[PDB]
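So you can see what is in the structure, the chains are spelled out below.
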Amino acid sequence: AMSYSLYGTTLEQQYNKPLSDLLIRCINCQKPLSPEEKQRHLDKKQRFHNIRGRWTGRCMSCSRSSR
Ligand SMILES: [Zn+2]
């Protein structure tokens, strides 16, 4: 997130070389994230966020919020 985040594929360029080295995982399930899901995230996620030691994005999809 504020520490670091990937808005879309253009930002992916930094992680694109060592993305495997970089950690991407469910913010809460903490299960392996299929890079297929990350690829859509990288293709153009409304917001993919990076927290030190913790990564978030898809897990937000695991839960929903209502206004
Ligand atoms: Zn999750």
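Residues numbered from 1 in each chain as written, not as in the entry; some residues may be left out. Heavy atoms only, no water.

Per the PDB record, the structure was determined using solution NMR.

## Considerations on the overall build of the chain
Within the chain, the regular secondary structure consists of 3 helices and 3 strands. Order of helices (α) and strands (β) in the chain, N terminus to C terminus: β-α-α-β-β-α. The C-alpha atoms of the chain give 11 Å as radius of gyration, which agrees with the globular expectation for 67 residues (11 Å, within 12%). Here the C-alpha coordinates of the chain stretch approximately 35 × 25 × 20 Å along the principal axes. Taking the contacts inside the chain whose residues are at least 6 apart along the sequence as the reference set, 65% of them involve residues at least 24 apart. Within the structure as shown, the chain displays about 5,200 Å² of accessible surface, and the carbon and sulfur contribution to it stands at 49%. Side-chain charges in the chain split into 13 positive and 5 negative, and the spacing between the mean points of these groups amounts to 11 Å. (Helix = DSSP H or I, 4+ residues; strand = E, 2+ residues; numbered from the N terminus. Rg over C-alpha atoms; globule rule 2.2 N^0.38 Å. Contact = heavy atoms within 4.5 Å. Areas by Shrake-Rupley, 256 points an atom, 1.4 Å probe, with all protein chains shown as cover. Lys, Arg positive; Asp, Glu negative; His and termini not counted. Charge placed at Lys NZ, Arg CZ, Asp CG, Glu CD.)

## Focus on the coordination of the zinc ion
Summarising the metal site, the zinc ion is bound by the protein donors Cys26 (SG), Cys29 (SG), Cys59 (SG) and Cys62 (SG), whose distances to it range over 2.3 Å. Classification of the site at the zinc ion as tetrahedral follows from its 4 donor atoms and the range of 106 to 112° in their angles at the metal. In terms of primary sequence, the donors binding the zinc ion are separated according to C-x2-C-x29-C-x2-C. Of this pair, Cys26 sits in the loop between α1 (9-16) and α2 (35-44) while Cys62 sits in helix α3 (residues 58-62); the two residues are 36 residues apart in sequence, bridging distant segments of the chain. The exposure class assigned to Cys62 is partly exposed, which follows from its relative accessible area of 45%. (Donors = N, O, S within 2.8 Å, 3.2 Å for Na, K, Ca; no water. Tetrahedral: all angles 85-135°; square planar, octahedral: opposite > 155°, others 65-115°. Buried < 20%, exposed > 50% of the residue type's maximum accessible area, 1.4 Å probe, protein only.)

## Things to note about unusual backbone geometry
Positive phi, normally seen in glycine, also occurs at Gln30, with a value near 55°. Residue position: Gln30 is located in the loop between α1 and α2. Looking at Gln30, the relative accessible area reads 35%, which means it is partly exposed.

## Details of α2
By the burial criterion, the buried members of α2 are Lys38, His41 and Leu42. One side of α2 holds all its buried residues, which, seen down the axis, span an arc of 95°. For α2, the exposed residues set more than 90 degrees away from the buried face come down to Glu36, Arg40 and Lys44. On its buried side, α2 packs onto β1 (4-6), α1, β2 (48-51) and α3. (Arc of directions from axis to C-beta.)

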